[PDB]
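Peer 1: Residue numbers (the deposited numbering): 1 to 137.
Quick one: the structure is below, questions incoming.
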């Protein structure tokens, strides 16, 4: 099994990290958060406001460099350009996977990961990636 793709990273370690997890239930960043939590996945929301607080039962953090748990998949839904800033940071600490917002295309953030080898995935969301096979509860 010498497969070098997201399949091995997702099948090996499943870790989802949320960037900019605030108290805005009227945003796509929230709907995706509680969505991954209910589905039964490890959600690690990190925000400058949740730093030292509890979000939906998940420990909050001011920065991704403050959480002990190693992130495996960075969920960036905040904004388009946000993917770039969140990408460099992830690759810095030693990320493994990167997920952006579905419908958007960022060549800058895409290559920004290739430079390190990180698995960058743009124009794709977990909400639709889950049911893609039919394992949605």
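Just so you know, even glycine gets a beta-carbon here, dropped at the ideal spot from N, CA and C.
Which same chain residues end up closer than 6 angstroms to residue 9 when comparing Cβ atoms and leaving out the 5 residues on each side of it in sequence?
Peer 2: Cβ neighbours of residue 9 beyond the five flanking positions: 96 and 97.
Peer 1: Count the other C-beta atoms from every protein chain shown that fall within 10 angstroms of the C-beta of residue 74, then say buried if there are 16 or more, exposed otherwise.
Peer 2: That one is buried.
Peer 1: Considering only the alpha carbon of each residue, which of 61, 76 and 56 lies closest to residue 50?
Peer 2: Checking every option, the nearest Cα to that of residue 50 belongs to 61.
Peer 1: Roughly how many angstroms separate the alpha carbons of residue 32 and residue 84, rounded to a whole number?
Peer 2: Distance between the alpha carbons of residue 32 and residue 84: 20 angstroms.
Peer 1: So is residue 20 buried or exposed if we call it buried at 16+ other beta carbons inside 10 Å?
Peer 2: Buried: at least 16 other Cβ atoms inside 10 Å.
Peer 1: Assuming residue 89 contacts residue 64 (C-beta within less than 8 angstroms), just tell me the rounded distance between them.
Peer 2: Between residue 64 and residue 89 the Cβ distance is about 6 angstroms, and since that is below 8 angstroms, they are a contact.
Peer 1: Just to confirm my understanding: we take residue 76, look at its own chain, exclude 5 residues before and 5 after, and list those with CB closer than 6 angstroms. What are they?
Peer 2: Taken in chain order, the residues that qualify are 19, 82, 83, 86 and 100.
Peer 1: What residue ranges within the stretch 49 to 112 form continuous beta strand (DSSP E) runs of no fewer than 3 residues, ordered along the chain?
Peer 2: Whole beta strand (DSSP E) segments, 3+ residues: 73 to 75 and 97 to 99.
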